[PDB]
Visitor: 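Below is the structure I would like to discuss, written out as structure tokens.
Convention: sequence-line order gives letters A, B, ...; per-chain numbering from 1. Any value given below was found using the heavy atoms of this structure, including those in side chains, with hydrogens, waters and symmetry copies removed.
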Amino acid sequence: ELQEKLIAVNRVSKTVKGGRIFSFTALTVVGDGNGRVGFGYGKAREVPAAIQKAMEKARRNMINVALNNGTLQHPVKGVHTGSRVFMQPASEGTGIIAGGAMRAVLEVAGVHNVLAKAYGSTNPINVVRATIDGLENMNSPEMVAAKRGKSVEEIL
RNA sequence: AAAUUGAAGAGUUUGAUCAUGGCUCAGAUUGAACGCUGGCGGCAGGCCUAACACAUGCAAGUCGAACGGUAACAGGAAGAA
């Protein structure tokens, strides 16, 4: 049911008395092709075990993003430690205009038409954190209407 | 009624990480040049540098319905053999 994407796999290291110990880290994202998406970061000595840990961590701690019919609902910007990210809704059939980790997380998150841009450092972990941060605090018309106590027609 | 519809990043500092920060690349474009190769057509373009020097040909003439005139043609009138 859920679609899982592997974003970046790199080899981290650790020096001990014996010498260098090489470990692997796996950044993956999972989602239901709709408002549910979540990212996982796993680490192990082998890449299959790393990707498996990442998928288990990704399937938990997911969030609900109040998205439109196929796009976002307003231009929103997010930040997490090095990646000022900005994204806005686009018309039908323009695709996912995004780079690196952003493309994978958006695609799995179900949006199909979006203009995005990554400022600052484009580190994959930080941008996928910042992207879901912006998505998490993205207001919806019903939420803002109920929040301010007015009708959705009054706010349009 | 339409007159807009619009935004991708990656490699590289470290044993490994994050940030700052420079270099490099993927794209589009030209009055272009060079290297290899080369079939046809349509529409454009062609001294960016020495505003350095120019042989030769052409690139401003027209009007006899402004005027004296006949230098040539070509006809007439007087003729002449």
Visitor: Is B:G6 in the syn range, within 90° of 0, or in the anti range?
Guide: syn
Visitor: To check you understand the geometry: which heavy-atom pair defines the closest contact between A:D133 and A:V79, and what is its length?
Guide: OD2-O, 4.0 Å
Visitor: North (positive) or south (negative) by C1'-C2'-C3'-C4': which describes B:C23?
Guide: north
Visitor: Where does B:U4 fall, syn or anti, if syn means a chi angle no more than 90° from 0?
Guide: syn
Visitor: For A:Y119, report the nucleic acid contact type (base, sugar-phosphate, nothing); a contact means any heavy atom under 4.0 Å.
Guide: base
Visitor: Determine the Euclidean distance between corresponding P atoms of B:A19 and B:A10; express it in Å to zero decimal places.
Guide: 12 Å
Visitor: Between B:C34 and B:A50, how far apart are the two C1' atoms, rounded to whole Å?
Guide: 24 Å
Visitor: Could you tell me how far B:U29 sits from B:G42 if I compare only their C1' atoms? Round to whole Å.
Guide: 24 Å
Visitor: To the closest 0.5 Å, what do you measure between OG1 (A:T25) and CD1 (A:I125)?
Guide: 6.0 Å
Visitor: Taking syn as a glycosidic torsion within 90° of 0 and anything else as anti, which one is B:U30?
Guide: anti
Visitor: By salt bridge (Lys or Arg N to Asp or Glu O under 4.0 Å), which residues pair with A:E4, not counting sequence neighbours?
Guide: A:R59
Visitor: Can you measure from NZ (A:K53) to CZ (A:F24) and round to the nearest 0.5 angstrom?
Guide: 13.0 Å
Visitor: Could you check which nucleotide pairs with B:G35 in any of the strands shown, counting Watson-Crick or G-U wobble with both distances under 3.5 Å?
Guide: none
Visitor: In whole Å, I'd like the distance from the CE atom of A:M102 to the P atom of B:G9.
Guide: 9 Å
Visitor: Kindly indicate whether B:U14 forms a Watson-Crick or G-U wobble pair with B:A44, where both distances must fall under 3.5 Å.
Guide: no
Visitor: Measure the spacing between OG1 of A:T94 and CG of A:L115 and express it to the nearest 0.5 Å.
Guide: 5.5 Å
Visitor: Which atoms form the tightest heavy-atom contact between A:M62 and A:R36, and what is the distance?
Guide: CB-NH2, 3.5 Å
Visitor: Just checking, are the bases of B:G57 and B:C58 stacked by our 5.5 Å, 30° definition for the six-membered rings?
Guide: yes
Visitor: Take atom P in B:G15 and the same atom in B:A7, then report the distance between them in whole Å.
Guide: 41 Å
Visitor: Using the torsion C1'-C2'-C3'-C4', state whether the ribose or deoxyribose of B:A50 falls on the north (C3'-endo) or south (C2'-endo) side.
Guide: south
Visitor: How far does the P atom of B:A33 sit from the matching atom of B:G46, given to the nearest Å?
Guide: 13 Å
Visitor: Can you tell me the distance, in whole Å, between the CD1 atom of A:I7 and the P atom of B:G9?
Guide: 14 Å
Visitor: Grab the two heavy atoms, one from A:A58 and one from A:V30, that are nearest each other, plus how far apart they are.
Guide: O-CG2, 3.4 Å
Visitor: Let me have a per-nucleotide readout for nucleotides 1-6 of chain B, 5' to 3', with B, S or -, counting only protein heavy atoms under 4.0 Å.
Guide: ----BB
Visitor: Within this structure, what is the CD-to-P distance between A:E107 and B:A8, rounded to whole angstrom?
Guide: 17 Å
Visitor: In the 5'-to-3' direction, what one-character label does each nucleotide of nucleotides 12-25 of chain B receive under the scheme B = base within less than 4.0 Å of a protein heavy atom, S = sugar-phosphate only, - = no such atom?
Guide: ---BSSSSS-----
Visitor: Decide between north and south for B:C47, the convention being positive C1'-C2'-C3'-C4' for north and negative for south.
Guide: south
Visitor: Distance check, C1' atoms only: B:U30 and B:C52, in whole angstrom units.
Guide: 28 Å
Visitor: Quick one: hydrophobic cluster around A:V12, which other residues, with the 4.5 Å side-chain cut-off, linked directly or via members?
Guide: none
Visitor: Answer yes or no: does atom NZ of A:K77 have more than 12 heavy-atom neighbours from other residues, nucleotides or ligands under 6.0 Å?
Guide: no
Visitor: Apart from A:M138 itself, what residues make up its hydrophobic cluster when side-chain heavy atoms of I, L, V, M, F, W and Y under 4.5 Å apart count as a link, directly or indirectly?
Guide: A:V65, A:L67, A:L72, A:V76, A:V85, A:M87, A:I96, A:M102, A:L106, A:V111, A:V114, A:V127, A:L135
Visitor: Keeping to residues at least two apart or across chains, list the side-chain hydrogen bond (donor to acceptor under 3.5 Å, both in side chains) pairs with something in residues 134-156 of chain A.
Guide: A:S151-A:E154
Visitor: Stacking between B:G38 and B:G39, judged by six-membered ring centres under 5.5 Å and planes under 30°?
Guide: no
Visitor: Just read off the sign of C1'-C2'-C3'-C4' for B:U5 and name the pucker, north if positive, south if negative.
Guide: south
Visitor: With rounding to whole Å, what would you report as the distance between B:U49 and B:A53 at their P atoms?
Guide: 16 Å
Visitor: Give me the atom names and distance for the closest heavy-atom approach of A:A98 to A:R103.
Guide: O-NH2, 2.7 Å
Visitor: For B:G15, does the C1'-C2'-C3'-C4' torsion put the sugar north or south?
Guide: north
Visitor: If we take the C1' atom in both B:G61 and B:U56, what is their distance in whole Å?
Guide: 23 Å
Visitor: Looking at the six-ring of each base, are B:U30 and B:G31 less than 5.5 angstrom apart at the centres and less than 30 degrees apart in plane?
Guide: no
Visitor: For B:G9, what is the paired nucleotide under Watson-Crick or G-U wobble rules, both distances under 3.5 Å?
Guide: B:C25
Visitor: Check whether the six-membered base rings of B:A8 and B:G9 have centres under 5.5 Å apart and planes under 30 degrees, and report yes or no.
Guide: no
Visitor: Tell me whether B:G6 and B:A7 stack, counting them as stacked only when the base ring centres are under 5.5 Å apart and the planes differ by under 30°.
Guide: no
